[PDB]
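Please treat every number below as a calculation from the coordinates, not as lab data. Quick reminder, even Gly has a Cβ in these numbers, built from the backbone with ideal geometry, and neighbours come from all protein chains shown.
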Ligand SMILES: Nc1ncnc2c1ncn2[C@@H]1O[C@H](COP(=O)(O)OP(=O)(O)OP(=O)(O)O)[C@@H](O)[C@H]1O
Ligand SMILES: Nc1ncnc2c1ncn2[C@@H]1O[C@H](COP(=O)(O)OP(=O)(O)O)[C@@H](O)[C@H]1O
Ligand SMILES: Nc1ncnc2c1ncn2[C@@H]1O[C@H](COP(=O)(O)OP(=O)(O)O)[C@@H](O)[C@H]1O
Ligand SMILES: [Mg+2]
Ligand SMILES: [Mg+2]
């Protein structure tokens, strides 16, 4: 429990807070608001559980059944089922999972700061940090369709390297002026992908 | 005058009963049986209703004797005739089989002799009843009850002993394998009555519901379906030859195929002479459509199109001509559908529109590329139909073909069914499964739930004219049951569509693989008097046999298919169907000008709705929801056009579709997704609008029923608006749906919602409504559905199966009523997946017995659940969903309900108790209205922490119990002071403080000392109520007395000295503050027989306090129960068997203790400890919740509702944080308040054991000066040992 408390005080230096940022009819605005609501709720749950494990591990506090299960999962290093809500690749270890969650929470903090001041259109979002990226893509298509008063079902995708998406990485290919060439590298990271609907 | 009117009513009862005689009719010159049951039952029911009606009020006390004689005479005749109808019904078919069937005495001599004895007794009773048809004269014979019970028991005995003959009789006619034993004896016994056979053809044939007969019932003219469609035989079969039932029914089966072939030949000749013209006459087309049945018309259209395409490809002009003819016919179809039509031919026109649009798409695909020969695989891939009139065998004149697969049409009369929209996914499925069937291998589609697997298999089986059966197989599908249904399928020639095959207990699956291997080996031998060995018997195999397997890999950890069995089935993956195409074809078929526009607006609407809306466990936006929306849109368009015609026309198709979308999807939404969905509707359909209501009559009678049963009511923005609109949404989904599901936190008013809706529907439509409430977790799955005995193959019905079978049989006229089956428990895929084929459009329940129970149109299976966190999409998607949010039932609703129930319905059941109840309600109204005091105290108690998870309704019901105890105490004071009654001003100043004391012990009774002191000081800071001033003593330590002031419990506890004889006796309690407080509180709970839970650490004093409370009540008997981890409700059943007895009453069966006049209280010591299932449920806790809320349980032995008479519960438990303990469900905690008894602590322990030691150091009178240091040392060491270890 000494090293358990040591790691348990090591992790939450990457997790601080998140605001909840509510009268807007924009699909992107409401999608990002519900996204940050889910993120803030999950962050509050994780931080409260973490504080409970701090209290039961280094201090005076009785351990409940939930605390005993959480302590056992943290000792074994496997991700607890309560914390796992978004899609994680093949059950990642808690050490990398808390870093990924810190990255997602920092990203949502950047969205909250940008919305504190349309305004939310100019931001560049990494699709990895979002809890659901296909919903973001569909909301982007809805936003451009409603802002131009266009049909939803007749919109193709034009991809360049009015919305910026970062973190997309290729698999055995390279890009130069939107041209694909076969490469022996495992993954070449695209710097910034530009999505436009026509 | 009122007494004379009542006497005239009883004289009219005398006249109508003495003029009432049993209407006997001759039964084929052998006997005289009693018929006309429904009128007698209705008259008896309404007489008993009237007798109870003037029993209650107002002058019943003067003429009690004759009314009591009338009511128990009516109960007796009701019981006699209830037994009598079943006895006669059993005897009729038993006599039929034992007379008409030969080789029975040669087979069952003892059974035949016993039945002859039974028949002689029955005939003697019939002579006796025919001597005196007067009902009182029949009642006058002594021994009728015992005689009828013995008769029924012996008839049931021979019923169970007749089972061995049924397999032998089934081996003759193959289709008998799909009916149960009782229905099969009905079939065999009524082989000469014939008119009783019309309700069993549904289970035996595909779409046959009745047979058209003659006046003498000597020939079978033809076959009619469920929808009224008729097929008339060319050469009718004659029963006037007196054949056996199997012989003439086999003749019927062959004759329908031959007749269907002849009509198909005539129809295809008609379409051949129609299709040669580039333009057609709609009048002649409609006359032909109305002339021929829907199956034959669709088949003729397909044959004509295939022949035209083949003649065109024989040789771009001919192919363009074929496409032009198809488009001309399609335009005629659309214009004919666009006007009003009769229903059956409208369905025919819809099927033709679907088939012709598929043919148009196929012809467009053929003409887009360059096709020149009939041997091209592009043409060979699609299904083709060939008809040669030169063939001399009329059954094989049509040859259905797909790519290298020659098929013969089965010519089974399918009725109407629903034609399936031919998606390209469906085309690929057709190709793969016809390839598997050509290769003599069963097909097996798989994928996620709700993609069109079993429906596409059924569509292929209907296209080939085959008989398809959908089995919802579960873990109890054994080797023997599977072998029985395989041999039945093989002898009939019907397809098998085993749905959800992977929940089948892997070893039994591997065992089934051997039978499947034998089946395909026999089929391959057929493909070139053949038999295969199934269950150690060589049986005939029809060439039409097929097995199809529907699976959902990765559903709920289902059983994996073995590699031995996987190689026998050809897999196809269907994961996404063309929603665009299915919506476009369905809208174009229903008739819509902008059909393609509406489809392109509705399918992406669902795609965006699945992603923009929140994620909840009960949302579904899949293909089943989309098809329900489309069908409801067609229905509402028909309703609107009928309303307009009542006044071509123009209809707002957009607004119609938005009305359907809102009507189906608005109820399932949470309160935060309503603006999001309405914004989505405004974005997709700009000129949308939204109008609702026009339900004024049902709304008015809903208000009437709500005012009747002490319920609050609203009109949209009043206090009851949300609840009333949720009831209206529930009514809409009952109207437009199949099986419902009401979802919400415990305390959302859903049970009251559906009860009030049922009674409002009663008062509106005038049709009787009966609701059966089943808890699915209080019994095992075996008791819920059924059990097959492995020793002898006999089926004992479960609870739900028994209820459904009773409704289907409708001996007591239950088909004409309104039956609602409510599963008031929680959902997990162990048992709800057996209802996969019920809630789906199959409309039937499948048992391992092979017997299928169709769902009658008046039955609406529905759920009342708290959450859907452990149920899968396969059962979420099949149910219409109503979401009862937690804020639907606001707290002022329950406040008003409590105040109304206080003002009416006196406790000791104008009256003095009613008057004091009204006075108490009128003096405690301002503390209940709006915020007041109770709502603020409750919202603060939510913010406090407690030993259990606090729900609002638990503490609120607890407060109501305390206030009822206050009213009872005031009545006790009034009875104790007859000269001076209770003065109103001190009654006011007493209730005003009892309410504070009661809210304290209600909202802080299950928490710690510091938290209850915190709630006390919060109440002191927040209320304007006179309170006892003390800088240190909290309000929790004060008692309110009958005088009206605060009395401390410190004056209540005495400084008693116990004798040395009983120093540490088990029943000796030295009283302390916590002891007397919990004593008074427990007495308050137990006086109203309200169940309770004693929570706290082990050894804190819970059972000691409970027994001290129970010893102050001499009318209660305590029975101790202990709950282990492996505790099952059989422990409660055994305790009820020991200490209680079962008594039959006219209103049901009741369970009461043997000690008359006493109350039995059951003490469960470890109520937390029963093991929780993997789906978060406890069987014992669900059982206790069922009998606490519903006031009874279901007896497993005979599936009869049992109501407890004098039974109440008390619970003891450790805190849920302890390692072995588990938290109780909030639905159970809604009823049982919790009080938290803690350790006494050092100050209380010092005096508690100082009294004991001061008493004990009196055997030695030289040590009494050491008692205090001895107690101090004992307490110090006990506290020190408790601290570390
Ligand atoms: N319209 C109403 N006005 C006032 N009180 C109401 C109303 N509807 C329900 N109640 C009260 O709500 C209480 C609980 O409601 P109900 O019996 O329907 O439970 P529920 O929400 O279905 O709970 P469960 O989840 O335990 O089945 C009852 O005591 C009833 O008197
Ligand atoms: N090609 C189609 N044409 C018309 N209706 C379809 C089609 N495919 C699926 N459906 C409808 O969608 C629903 C899908 O149910 P289905 O997936 O067959 O159940 P299961 O998941 O048990 O196979 C059914 O109600 C069916 O009527
Ligand atoms: N107020 C009291 N006066 C005397 N004895 C007490 C008192 N409270 C607790 N006890 C002791 O505690 C024991 C009762 O604990 P019990 O109710 O059996 O706890 P549990 O039911 O959780 O095991 C008795 O043996 C009794 O001697
Ligand atoms: Mg299915
Ligand atoms: Mg309820």
Completion exercise
Within segment B:1168-1216, of all residues that are within 27 Å of residue B:1097 (Cβ to Cβ), over 28 Å from the mean Cα position of the chain (by Cα) and part of a loop (DSSP other than H, G, I, E, B), the one farthest from the other protein chains (Cβ to nearest Cβ) is B:1169
Practice task
Take the residues in segment B:494-515 that are more than 31 Å from the chain's Cα centre (by Cα) and over 22 Å from residue B:175 (Cβ atoms), then tell me which one is surrounded by the most Cβ atoms within 10 Å (Cβ to Cβ).
Solution key: B:512
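Results for (1) touching a helix residue (DSSP H, G or I) at 6+ places or on another chain (Cβ under 6 Å); (2) under 21 Å from residue B:947 (Cβ atoms), shown as yes or no for each residue.
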{"residue": "B:1103", "(1), (2)": "no, yes"}
{"residue": "B:1116", "(1), (2)": "yes, no"}
{"residue": "B:1120", "(1), (2)": "no, no"}
{"residue": "B:1140", "(1), (2)": "no, no"}
{"residue": "B:1147", "(1), (2)": "no, no"}
{"residue": "B:1166", "(1), (2)": "no, yes"}
Exercise for the section: Considering each of B:577, B:604 in turn, give the residue that is more than 30 Å from residue B:518 (Cβ to Cβ), within 16 Å of ligand 4 (Cβ to nearest atom) and surrounded by 19 or more Cβ atoms within 10 Å (Cβ to Cβ). Expected result: B:577
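Just checking, which of B:1022, B:1035 is more than 16 Å from ligand 4 (Cβ to nearest atom), within 51 Å of the chain's Cα centre (by Cα), surrounded by 15 or more Cβ atoms within 10 Å (Cβ to Cβ) and over 30 Å from residue B:1267 (Cα atoms)? So that I can check it myself, show each step before the final result.
Details: B:1022 fails: surrounded by 15 or more Cβ atoms within 10 Å (Cβ to Cβ).
Answer to the check: B:1035.
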Problem - segment B:1090-1112 - residue that is in a loop (DSSP other than H, G, I, E, B) and surrounded by 14 or more Cβ atoms within 10 Å (Cβ to Cβ) and, of those, nearest to ligand 2 (Cβ to nearest atom) - result: B:1091
Exercise for the section: For segment B:259-277, indicate whether the set of residues that are surrounded by fewer than 18 Cβ atoms within 10 Å (Cβ to Cβ) and touching a strand residue (DSSP E or B) at 6+ places or on another chain (Cβ under 7 Å) is non-empty. Expected result: yes
Practice task
Could you please find all residues in segment A:8-47 being more than 14 Å from chain B (Cβ to nearest Cβ) and loosely packed, with under 15 Cβ neighbours inside 10 Å?
Solution key: A:9, A:10, A:13, A:14, A:16, A:17, A:19, A:44, A:45
Practice task
Examine segment B:67-89 for a residue that is farther than 25 Å from residue B:147 by Cβ and touching a helix residue (DSSP H, G or I) at 6+ places or on another chain (Cβ under 8 Å), and state whether such a residue exists.
Solution key: yes
Fill in the blank from the handout: Checked pairs for segment B:1087-1115, first within 14 Å of chain A (Cβ to nearest Cβ) and under 27 Å from residue B:1225 (Cβ atoms), second away from ligand 5 (no atom under 16 Å from the Cβ) and not in a helix (DSSP H, G or I), C-beta under 9 Å and 6 or more apart or across chains, list as B:1097/B:1214; B:1097/B:1215; B:1097/B:1218; B:1097/B:1237; B:1097/B:1238; B:1097/B:1239
Practice task
Might you check whether a residue that is within 16 Å of ligand 1 (Cβ to nearest atom) and away from chain A (no Cβ under 14 Å) occurs anywhere in segment B:614-637?
Solution key: yes
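With surrounded by fewer than 11 Cβ atoms within 10 Å (Cβ to Cβ), within 14 Å of another protein chain (Cβ to nearest Cβ) and within 28 Å of residue A:39 (Cβ to Cβ) as the only criterion, which of A:138, A:87 stands out? Break it down stepwise before answering.
Values: A:138 fails: surrounded by fewer than 11 Cβ atoms within 10 Å (Cβ to Cβ).
Selected residue: A:87, the only one of A:138, A:87 that is surrounded by fewer than 11 Cβ atoms within 10 Å (Cβ to Cβ), within 14 Å of another protein chain (Cβ to nearest Cβ) and within 28 Å of residue A:39 (Cβ to Cβ).
With crowded, with 18+ Cβ neighbours inside 10 Å, farther than 30 Å from residue B:1128 by Cα, away from ligand 5 (no atom under 16 Å from the Cβ) and away from every other protein chain (no Cβ under 14 Å) as the only criterion, which of B:719, B:705, B:767, B:756 stands out? Spell out how you get there, then give the answer.
Details: B:719 fails: crowded, with 18+ Cβ neighbours inside 10 Å; B:767 fails: crowded, with 18+ Cβ neighbours inside 10 Å; B:756 fails: away from ligand 5 (no atom under 16 Å from the Cβ).
Exactly one residue qualifies, and that residue is B:705.
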Exercise for the section: Please tell me if residue A:71 is more than 20 Å from residue A:14 (Cβ to Cβ) and within 14 Å of another protein chain (Cβ to nearest Cβ). Expected result: yes
Fill in the blank from the handout: Of B:121, B:111, B:71, the only residue that is part of a helix (DSSP H, G or I) and under 30 Å from residue B:47 (Cβ atoms) is B:71
Exercise for the section: Inspect all residues belonging to segment B:854-867 and state whether any of them is in contact with a helix residue (DSSP H, G or I) (Cβ under 9 Å, 6 or more places away or on another chain), more than 20 Å from residue B:733 (Cβ to Cβ) and either more than 16 Å from ligand 3 (Cβ to nearest atom) or not in a helix (DSSP H, G or I) (or both). Expected result: yes
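What residue, of B:382, B:401, B:359, is closer than 25 Å to residue B:318 by Cβ and part of a strand (DSSP E or B)? So that I can check it myself, show each step before the final result.
Numbers: B:382 fails: part of a strand (DSSP E or B); B:359 fails: part of a strand (DSSP E or B).
Step by step, each of B:382, B:401, B:359 is checked, and only B:401 is closer than 25 Å to residue B:318 by Cβ and part of a strand (DSSP E or B).
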Problem - Only listed residue being more than 14 Å from chain A (Cβ to nearest Cβ), within 16 Å of ligand 1 (Cβ to nearest atom) and closer than 30 Å to residue B:674 by Cβ, chosen from B:887, B:841, B:828 - result: B:887
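Among the residues of segment A:48-65, how many are touching a helix residue (DSSP H, G or I) at 6+ places or on another chain (Cβ under 7 Å) and either within 14 Å of chain B (Cβ to nearest Cβ) or assigned to a helix (DSSP H, G or I) (or both)?
Within segment A:48-65, the first condition is being touching a helix residue (DSSP H, G or I) at 6+ places or on another chain (Cβ under 7 Å), and the residues that meet it are A:49-50, A:52-54, A:56-58, A:61, A:63.
Next cut, either within 14 Å of chain B (Cβ to nearest Cβ) or assigned to a helix (DSSP H, G or I) (or both) only: A:49-50, A:52-54, A:56-57, A:61, A:63.
The qualifying residues number 9.
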Completion exercise
Checked B:76, B:114 against criteria (closer than 28 Å to residue B:816 by Cα and either surrounded by 14 or more Cβ atoms within 10 Å (Cβ to Cβ) or over 37 Å from the mean Cα position of the chain (by Cα) (or both)); the one match is B:76
Handout entry: Identity of the residue in segment B:1230-1257, out of contact with any strand residue (DSSP E or B) (no Cβ under 8 Å at 6 or more places or on another chain) and under 25 Å from residue B:1187 (Cβ atoms), that ends up nearest to the other protein chains (Cβ to nearest Cβ)
Key = B:1230
Completion exercise
All conditions in (1) in a loop (DSSP other than H, G, I, E, B); (2) within 25 Å of residue B:1161 (Cβ to Cβ); (3) out of contact with any helix residue (DSSP H, G or I) (no Cβ under 9 Å at 6 or more places or on another chain) are true of residue B:1076 except (1)
Completion exercise
For segment B:585-597 the number of residues that are in a helix (DSSP H, G or I), away from every other protein chain (no Cβ under 14 Å) and more than 31 Å from the chain's Cα centre (by Cα) is 6
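Residue-by-condition table, conditions (1) in contact with a strand residue (DSSP E or B) (Cβ under 8 Å, 6 or more places away or on another chain); (2) within 28 Å of residue B:177 (Cβ to Cβ):
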position: B:527; (1), (2): no, yes
position: B:538; (1), (2): yes, yes
position: B:548; (1), (2): yes, yes
position: B:556; (1), (2): no, no
position: B:570; (1), (2): yes, yes
position: B:573; (1), (2): yes, no
